[PDB]
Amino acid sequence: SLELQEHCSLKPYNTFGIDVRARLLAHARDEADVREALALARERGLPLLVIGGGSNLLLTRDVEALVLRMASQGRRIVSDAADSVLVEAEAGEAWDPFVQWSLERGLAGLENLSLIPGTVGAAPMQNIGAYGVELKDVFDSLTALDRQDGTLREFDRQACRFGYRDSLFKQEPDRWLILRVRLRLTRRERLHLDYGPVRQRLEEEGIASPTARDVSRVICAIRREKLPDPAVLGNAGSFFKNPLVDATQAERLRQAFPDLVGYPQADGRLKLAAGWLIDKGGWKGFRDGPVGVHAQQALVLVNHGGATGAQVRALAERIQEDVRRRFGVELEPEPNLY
């Protein structure tokens, strides 16, 4: 209540840098804050919109809701037994510093997820992943507040129903509010060097026997080189999920498009590079007034300054239609659209 803010600009709180207003904005620092905000949204008859760092979020209009910013803090080692180490972070912790924190303690598991923006609390929503690692690979459990009952529930790995950019919380939106997250990491050496550029850079810098810290630094360097920093150019990273198609459609697509970029899955279905499909549409480097497509990262929609969220969405809708027509493939956006 001391930090509660009315008719307040959300621009500092979304990486896209869209300027719309929140009816109320609350900065929750603990569970007691979260319950006060829930209760107040009830008192006022308002929806509640939860945000972390607003790095996977597209705001398209004034938010007639209580916006609840998760600013809880807290990082600890729960349990440290026989090289297996279980760690806990409060939802409001910044993801990348939590990763550096883990690595500096000699824990391996998160290095591939270095430098991803946002918070710990949002990380399970889309099962964050990069460089062949996903949160689910190290996920032990979380504690979530049931917004139907006001009761707490613990979610173990299976219960979250993790998938590619997916979870129970994305499927049943607006129900669970994640308070904290427990991950199981290791003290023994682990390297997931699946993606060639990581492997390649490590060899160029002459590290034949790398540690999880070396990988993290390499990953940070590649990411810095190639991803637009939101500070320069507002964005929410990859705007679309990579679609999965069956071998039927995959065969038919390949005949029509031999240069097609795809990764066949253990199930045998094919994951297409969304970026390739979009590039083939000619969208790369496109710009219409304040919105555009980045010139090297075809998945990244950008704000050159002053974009409305509606303009961003109109652009994404044009790209989706172009890809449906060209390839018969549906692209799903990744950022949550309000």
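In this text, the rigid core denotes the largest set of C-alpha atoms whose superposition between the two forms falls within 1.5 Å. Quick note: we count residues from 1 along the sequence shown, nothing fancier.
Superposing each structure in 4 other deposited structures of this protein on the rigid core shows that the farther-lying of 214 to 222 and 252 to 260, by root-mean-square Cα distance, is 252 to 260. The stretch that strays farther, by root mean square C-alpha distance over structures and residues in 4 other deposited structures of this protein after a rigid core fit, is 194 to 202, when 194 to 202 is set against 87 to 95. On average the C-alpha atoms of 82 to 90 have higher B-factors than those of the other stretch, with 233 to 241 and 82 to 90 being the two compared. Set 55 to 63 against 42 to 50 and average the Cα temperature factors; 42 to 50 ends up higher. Going by the entry's values, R252 shows the largest Cα B-factor out of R165, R252, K136, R161. Taking only the listed residues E154, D96, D140, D194, the entry reports the highest CA temperature factor at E154. Among the modelled residues of the chain, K11 sits in the lowest third by CA temperature factor in this PDB entry. Per the deposited record, the Cα B-factor of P228 falls in the middle third when ranked against the other modelled residues of its chain.
Per-chain ranking of the deposited C-alpha B factor places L145 in the middle third. Looking at the C-alpha B-factors along this chain, the one for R313 belongs to the middle third. Among the modelled residues of its chain, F257 has a C-alpha B-factor that falls in the highest third, as given in the PDB entry.
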